[PDB]
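Protein sequence lines correspond, in order, to chains A and A'. A prime marks a further copy of an entry chain. Residue 1 is where the first sequence starts when you use the entry's author numbering, and the numbers rise one by one after that. Residue 1 is where the second sequence starts when you use the entry's author numbering, and the numbers rise one by one after that. Virtual Cβ for every residue (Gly too), placed ideally from N, Cα, C. Notes to accompany the following structure.
Number of protein chains: 2
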Amino acid sequence: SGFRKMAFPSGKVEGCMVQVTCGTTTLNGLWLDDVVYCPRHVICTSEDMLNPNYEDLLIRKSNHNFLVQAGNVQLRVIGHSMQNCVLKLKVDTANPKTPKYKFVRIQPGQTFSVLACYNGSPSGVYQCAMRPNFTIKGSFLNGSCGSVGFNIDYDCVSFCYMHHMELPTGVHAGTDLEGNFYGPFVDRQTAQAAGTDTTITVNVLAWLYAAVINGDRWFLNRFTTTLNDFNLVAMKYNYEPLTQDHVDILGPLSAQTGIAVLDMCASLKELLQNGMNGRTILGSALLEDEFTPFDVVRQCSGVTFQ
Amino acid sequence: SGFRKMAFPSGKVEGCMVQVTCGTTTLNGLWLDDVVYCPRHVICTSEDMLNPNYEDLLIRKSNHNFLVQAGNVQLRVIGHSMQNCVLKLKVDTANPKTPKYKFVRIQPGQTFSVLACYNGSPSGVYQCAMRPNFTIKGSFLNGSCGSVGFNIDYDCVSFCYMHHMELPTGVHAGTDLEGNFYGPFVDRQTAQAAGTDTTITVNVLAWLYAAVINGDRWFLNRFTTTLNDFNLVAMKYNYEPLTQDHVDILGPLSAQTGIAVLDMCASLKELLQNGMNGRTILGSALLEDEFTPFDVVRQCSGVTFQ
Ligand SMILES: *[C@@H](CC(=O)OC)C(=O)N(c1ccccc1)c1cncc(Cl)c1
Ligand SMILES: *[C@@H](CC(=O)OC)C(=O)N(c1ccccc1)c1cncc(Cl)c1
């Protein structure tokens with residue numbers, strides 16, 4: 001038993017992290033087969049990141065302007081190209097540690113692991129959710145650009161995020177691995193800001209089920225509610241709507257605990273209207289929304305990856 | 001910016017996890033050079049784990065009773081011995097992925113990463129603290145026995161924990177890698193229970209400094225307090241005493257934020273006596289005590305590992 005914010009083992013991704021240097025700019029790259037992927041703003045200087053023309057900036061570069069370090073070993077760049085907001089540096093060596101991988105774009109509400117990296121060297125690993133407003137509440141310092149987020153399915157790494165920037169509220173914005181930003185952000189220095197967020201309702205319900213699985217039951221009650229009547233309450237507390245597909249996705253957790261989904265909604269309703277009155281749920285005094293139904297089943301049932 | 005419960009990259013440890021089978025019992029082992037380390041209760045059956053004589057049980061085994069699987073490759077056991085509560089299985093192959101490592105025993109209050117494992121296959125990674133009562137609040141299911149906890153210092157893995165059992169309150173107990181239990185627990189089925197816990201005061205102060213570094217300042221005040229007067233308050237809320245060495249360890253964080261340690265203690269005092277009155281600190285509605293001063297400096301400053 002127990003319940004923790006648990007990331008995927010990071011080793012398959014550690015073997016892909018490299019350091020990319022263009023001029024005085026150093027950040028992280030992702031080395032898969034003979035390609036290194038990195039934020040295109042590596043080609044920008046201080047005054048460039050103001051209002052840059054990336055096509056103009058890139059035509060002025062040569063392969064030799066890109067130094068790629070795989071540990072203490074230098075990779076010769078033999079081609080370069082721009083794909084949306086990412087650079088693709090073709091190198092002469094395929095990475096012998098390339099795992100089986102995919103590039104997948106995730107949905108707000110889904111979770112992933114982040115291997116935070118500096119100078120191509122992994123620093124730490126932690127679990128993140130894509131917020132409804134397409135930001136992530138990460139932990140990133142200067143030089144973390146190019147760190148990636150991912151999920152693992154058996155032996156296959158699904159890369160979903162590459163870190164680009166921090167927004168003024170301290171939250172983080174980035175792209176998928178095709179270079180397409182999550183949300184309405186750009187790789188220039190503007191006054192861009194996050195924009196309003198909501199709480200991921202289906203995830204809170206999953207975490208309440210995780211709590212019941214782990215023996216926290218004080219918040220349960222005999223009442224039920226309808227989906228419409230619950231969604232009226234969710235609106236008022238800035239929770240996003242619950243759909244029938246959410247109810248269906250919560251089916252297995254419902255059947256394992258014997259608590260109907262709509263009964264759990266009644267419990268959530270009471271918690272929103274009354275607070276928790278000095279008690280905790282799974283060691284939190286807040287309603288936690290960064291565990292998906294899958295995360296709960298994975299952790300409370302025990303699936304590994306190889 | 002941002003602040004997350006962040007584990008060490010796990011790859012150096014992933015390469016050491018193996019599966020150990022004795023009879024019908026399967027658990028995880030740690031393969032370093034030509035030795036596999038695992039809980040000695042692998043040699044016990046259902047009726048054995050009641051009141052076992054491990055020396056009697058082990059003399060009845062042969063090398064061939066131990067099947068060790070390193071992935072889809074079987075390791076031939078060529079010797080076995082007991083060291084306290086762990087088994088040492090000598091195998092004919094040294095692990096080519098052996099990192100530079102040490103066996104270190106940690107103190108209550110210190111943190112480490114856990115690579116949760118099942119059938120020798122890593123499942124997830126997360127950060128844990130050693131509680132003052134020598135338990136850990138982990139996330140472990142049946143079959144996680146033998147999963148290890150560790151820290152990484154540059155390129156060196158300091159192994160500090162091997163998981164053995166879950167206690168009746170859902171918390172976890174285990175040994176260091178010499179087989180010596182943390183706390184007053186035994187690898188038999190008794191009515192053993194955790195015993196009373198306290199909050200790690202110096203860690204809460206470190207996390208308050210992390211919050212200030214990250215722009216949460218609402219809990220700051222102009223008052224100060226003395227070390228004696230603070231420790232009177234800590235006693236009353238089940239916090240453990242703060243010492244002058246704790247104050248010294250908090251020195252760098254004090255100087256970076258310009259908030260005297262004893263001023264932060266005044267803030268903590270106010271938070272204990274008043275609660276947080278609907279506000280949060282670093283996304284928590286509770287005072288968080290599982291970040292050390294080192295964890296805060298590492299994350300808010302950016303040290304990597306290679
Ligand atoms: C990367 C900055 C870079 O490539 O130069 C070393 C970086 O990590 N940045 C960043 C992005 C945009 C503009 C300046 C700096 C970053 C990312 N996350 C958080 C923070 Cl504080 C900075
Ligand atoms: C390991 C049990 C084992 O070796 O048999 C497969 C295990 O993970 N155990 C455990 C320990 C002691 C007695 C029974 C089972 C365990 C550890 N942590 C949590 C839980 Cl729920 C069980």
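Checklist entry - Taking only beta-carbon atoms, is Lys88/A less than 9 Å away from chain A'? => result For the purposes of this step, residue 88/A is taken as the residue at position 88 of the first sequence. The C-beta of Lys88/A comes no closer than 9 Å to any C-beta of chain A'.
Checklist entry - Run through DSSP, which three-state label would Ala94/A get? => result Start at 1 with the first residue of the first sequence, and residue 94/A comes out as number 94. Residue state, collapsed to three classes: coil.
Checklist entry - Any idea which residues DSSP pairs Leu89/A with across the strands? => result Position 89 of the first sequence, counted from the first residue, corresponds to residue 89/A. Paired residue(s): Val36/A and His80/A.
Next on the checklist: Please report the straight-line C-alpha distance between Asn63/A and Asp33/A', rounded to a whole angstrom.
Outcome noted: Stepping through the first sequence from its first residue, residue 63/A is reached at position 63. Stepping through the second sequence from its first residue, residue 33/A' is reached at position 33. Looking at the two C-alpha atoms, the distance is approximately 42 Å.
Checklist entry - Can you tell me where the alpha helix (DSSP H) with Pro252/A' in it begins and where it stops? => result Within the second sequence, residue 252/A' is the residue found at index 252, counting from 1. First-last of the alpha helix (DSSP H) with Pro252/A': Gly251 to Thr257.
Item to check | Unbroken beta strand (DSSP E) run spanning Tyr126/A', endpoints | outcome: Taking the second sequence and counting its residues from 1, one reaches residue 126/A' at position 126. Looking at the DSSP string, the run of the beta strand (DSSP E) that includes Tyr126/A' is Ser121 to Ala129.
Checklist entry - Would DSSP call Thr292/A helix, strand or coil? => result Stepping through the first sequence from its first residue, residue 292/A is reached at position 292. Three-state result, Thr292/A: coil.
Checklist entry - For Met17/A, is the beta carbon positioned less than 8 Å from some heavy atom of ligand 1? => result For the purposes of this step, residue 17/A is taken as residue 17 along the first sequence, with counting starting at 1. Outside the cutoff, so no.
Next on the checklist: Please confirm whether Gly109/A' has its beta-carbon closer than 9 Å to some beta-carbon of chain A.
Outcome noted: Counting from one through the second sequence, the residue named residue 109/A' turns up at place 109. Under the Cβ criterion of 9 Å, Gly109/A' is not counted among the residues facing chain A.
Checklist entry - Is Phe140/A near ligand 1, going by C-beta to nearest heavy atom under 8 Å? => result Locating residue 140/A in the first sequence gives position 140, where the first residue counts as 1. Checking the Cβ of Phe140/A against ligand 1 gives yes.
Next on the checklist: Let me confirm a value: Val73/A is counted as buried when at least 16 other C-beta atoms fall within 10 Å, else exposed. Which label applies?
Outcome noted: One-based indexing of the first sequence puts residue 73/A at position 73. So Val73/A counts as exposed.
Next on the checklist: With a threshold of 9 Å between beta carbons, is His41/A in contact with chain A'?
Outcome noted: Start at 1 with the first residue of the first sequence, and residue 41/A comes out as number 41. No, because no Cβ of chain A' sits closer than 9 Å to the Cβ of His41/A.
Item to check | Min CB distance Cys22/A to chain A' below 9 Å | outcome: One-based indexing of the first sequence puts residue 22/A at position 22. Residue-level contact check: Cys22/A does not touch chain A', since none of the beta carbons of chain A' fall below 9 Å from its beta carbon.
Item to check | Which residues DSSP lists as bridging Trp31/A', in chain order | outcome: As a working mapping, residue 31/A' is identified with position 31 in the second sequence. Bridge partners of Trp31/A': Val36/A'.
Next on the checklist: Our contact map puts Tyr161/A' next to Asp176/A' with C-beta atoms below 8 Å; I'd like the distance itself, whole angstroms only.
Outcome noted: As a first step, residue 161/A' must be located in the second sequence, where it is residue number 161. As a first step, residue 176/A' must be located in the second sequence, where it is residue number 176. Between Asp176/A' and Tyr161/A' the Cβ distance is about 7 Å, and since that is below 8 Å, they are a contact.
Next on the checklist: When you measure from the CB of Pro39/A to every non-hydrogen atom of ligand 1, does any distance come out below 8 Å?
Outcome noted: Locating residue 39/A in the first sequence gives position 39, where the first residue counts as 1. True, at least one ligand heavy atom lies under 8 Å from that Cβ.
Item to check | Spatial distance of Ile43/A from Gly179/A (CA atoms) | outcome: For the purposes of this step, residue 43/A is taken as residue 43 along the first sequence, with counting starting at 1. For the purposes of this step, residue 179/A is taken as residue 179 along the first sequence, with counting starting at 1. Just so you know, the alpha carbons of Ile43/A and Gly179/A end up roughly 15 Å apart.
Item to check | Whole-angstrom C-beta distance between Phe291/A and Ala206/A, which should lie under 8 Å | outcome: Counting from one through the first sequence, the residue named residue 206/A turns up at place 206. Counting from one through the first sequence, the residue named residue 291/A turns up at place 291. Indeed, because the Cβ distance is near 6 Å, the residues count as touching under 8 Å.
Checklist entry - For a contact meaning CB atoms closer than 7 Å, what does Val204/A' contact in chain A? => result Stepping through the second sequence from its first residue, residue 204/A' is reached at position 204. Those within 7 Å of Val204/A' in chain A number zero; the least Cβ separation is about 15 Å.
Checklist entry - With burial defined as no fewer than 16 other Cβ atoms inside 10 Å of the residue's Cβ, what is the status of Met130/A: buried or exposed? => result On the first sequence, residue 130/A is found 130 positions in, with the first residue counted as 1. Classification of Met130/A: buried, given that the 10 Å Cβ count is 16 or more.
Checklist entry - Which chain A' residues sit within Cβ distance under 8 Å of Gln273/A? => result Taking the first sequence and counting its residues from 1, one reaches residue 273/A at position 273. Neighbours of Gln273/A on chain A': none; closest Cβ ~15 Å, over 8 Å.
Checklist entry - At a cut-off of 8 Å, is residue 380/A close to ligand 2 when judged by its beta-carbon and the heavy atoms of the ligand? => result The structure shown does not extend to residue 380/A, since chain A spans only 1 to 306, so no value can be given for it.
Next on the checklist: Pop quiz: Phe150/A and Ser113/A are said to be a contact at Cβ under 8 Å. What is the actual Cβ separation, rounded to whole angstroms?
Outcome noted: Here residue 150/A refers to the residue found at position 150 of the first sequence. Here residue 113/A refers to the residue found at position 113 of the first sequence. Yes, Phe150/A and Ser113/A are in contact; Cβ-Cβ is about 6 Å, under 8 Å.
Checklist entry - Which chain A' residues are close to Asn119/A, counting only those with a beta carbon under 7 Å from its beta carbon? => result Residue 119/A sits at position 119 when you count from the first residue of the first sequence. Per Cβ cutoff of 7 Å: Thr304.
Checklist entry - According to the neighbour-count rule (16 or more other Cβ atoms, all chains shown, within 10 Å of its Cβ), is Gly79/A buried or exposed? => result Along the first sequence, read from residue 1 onward, the residue named residue 79/A stands at position 79. The C-beta of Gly79/A has fewer than 16 other C-beta atoms within 10 Å across all chains shown, which makes the residue exposed.
Checklist entry - Which value, in whole angstroms, describes the spacing of the CA atoms of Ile200/A and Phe8/A? => result By one-based count along the first sequence, residue 200/A stands at place 200. By one-based count along the first sequence, residue 8/A stands at place 8. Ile200/A and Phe8/A have their C-alpha atoms spaced approximately 21 Å apart.
Checklist entry - Going along the chain, which unbroken runs of the beta strand (DSSP E) with 3 or more residues stay wholly within the region 184-231 of chain A'? => result Listed in chain order, nothing qualifies, since the region 184-231 of chain A' has no complete beta strand (DSSP E) run of 3 or more residues.
Checklist entry - Expressed to the nearest angstrom, what Euclidean distance is found between the alpha-carbon atoms of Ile59/A and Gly109/A'? => result Here residue 59/A refers to the residue found at position 59 when the first sequence is read from its first residue. Here residue 109/A' refers to the residue found at position 109 when the second sequence is read from its first residue. Straight-line measurement puts the Cα of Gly109/A' at about 55 Å from the Cα of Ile59/A.
Checklist entry - Does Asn142/A' have its Cβ less than 9 Å from a Cβ in chain A? => result Along the second sequence, read from residue 1 onward, the residue named residue 142/A' stands at position 142. Taking Cβ atoms only, chain A reaches closer than 9 Å to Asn142/A', which makes this a yes.
Checklist entry - Helix or strand or just coil, what does DSSP make of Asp48/A'? => result Residue mapping note: residue 48/A' aligns to position 48 of the second sequence, counting from 1. Coil at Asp48/A', not helix or strand.
Item to check | CA nearest to the CA of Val202/A, picked from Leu220/A, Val247/A, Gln107/A and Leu167/A | outcome: In the first sequence, residue 202/A corresponds to position 202, counting from 1. For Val202/A, the nearest C-alpha among the options comes from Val247/A.
Checklist entry - Where does the unbroken alpha helix (DSSP H) through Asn274/A begin, and where does it stop? => result Position 274 of the first sequence, counted from the start, is the residue given in the question as residue 274/A. Bounds of the alpha helix (DSSP H) holding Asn274/A are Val261 to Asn274.
Item to check | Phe134/A' versus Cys16/A', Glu166/A' and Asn28/A', residue with shortest Cα-Cα distance | outcome: Residue mapping note: residue 134/A' aligns to position 134 of the second sequence, counting from 1. Here the closest residue by C-alpha is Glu166/A'.
Checklist entry - Do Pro96/A' and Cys156/A' come within 9 Å of each other at the CB atom, strictly closer than that value? => result As a working note, residue 156/A' is residue 156 in the second sequence. As a working note, residue 96/A' is residue 96 in the second sequence. No. Outside cutoff.
Checklist entry - Is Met276/A' near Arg188/A', with beta carbons less than 9 Å apart? => result If you number the second sequence from 1, residue 276/A' lands on position 276. If you number the second sequence from 1, residue 188/A' lands on position 188. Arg188/A' sits away from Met276/A', with the two beta carbons spaced by 9 Å or more.
Checklist entry - Of all Cβ atoms in chain A', is any one closer than 9 Å to the Cβ of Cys265/A? => result On the first sequence, position 265 is the one that residue 265/A refers to. No, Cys265/A does not count as interfacial toward chain A'.
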